[PDB]
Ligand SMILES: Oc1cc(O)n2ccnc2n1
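Only one chain is included here, represented as structure tokens and corresponding to the form solved without this ligand.
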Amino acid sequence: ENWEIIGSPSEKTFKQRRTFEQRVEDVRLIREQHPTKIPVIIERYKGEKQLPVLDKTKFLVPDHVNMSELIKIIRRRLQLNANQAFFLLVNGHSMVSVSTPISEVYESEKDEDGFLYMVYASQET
């Protein structure tokens, strides 16, 4: 009833832990050192229980890798059984084009700070 619920401060995404200029600077450094790679943040959906957390959240993806290959890579790193449902959501939604290079996905879906943000869940929201 018009009440603002304050979240548990424990859940701090990569974007919430870094300032805008810190993130912009991160992206600039990666562009210089790895010109053919896309910087991708991959995090577990907030309310996810069926899937585990990855050790790492910051990934450098070669420009040529497409979404279906990236999906396969993340499923293997989560050590998922082949029957487990899994969705890799970009700006809240599954990618329709799974055969296009991630560098092409990057140009449509990147954040203002230069990062490509992704969230995985066992449901497509």
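Quick note: we count residues from 1 along the sequence shown, nothing fancier.
Note that the form solved in complex with this ligand isn't included here; everything after this is about it.
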query: Ligand-site call, this ligand overlaid in the bound PDB entry, backbone or C-beta contacts under 2.4 Å, 3+ atoms; finding: blocked
query: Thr100, heavy atom within 4.5 angstroms of this ligand in the bound PDB entry; finding: no
query: Non-hydrogen atom contact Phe87 with this ligand in the bound PDB entry at 4.5 angstroms; finding: yes
query: Distance check, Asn91 to this ligand in the bound PDB entry, heavy atom within 4.5 Å; finding: no
query: Partner contacts for 15 to 52, taking this ligand in the bound PDB entry and a 4.5 Å heavy atom cut-off; finding: none
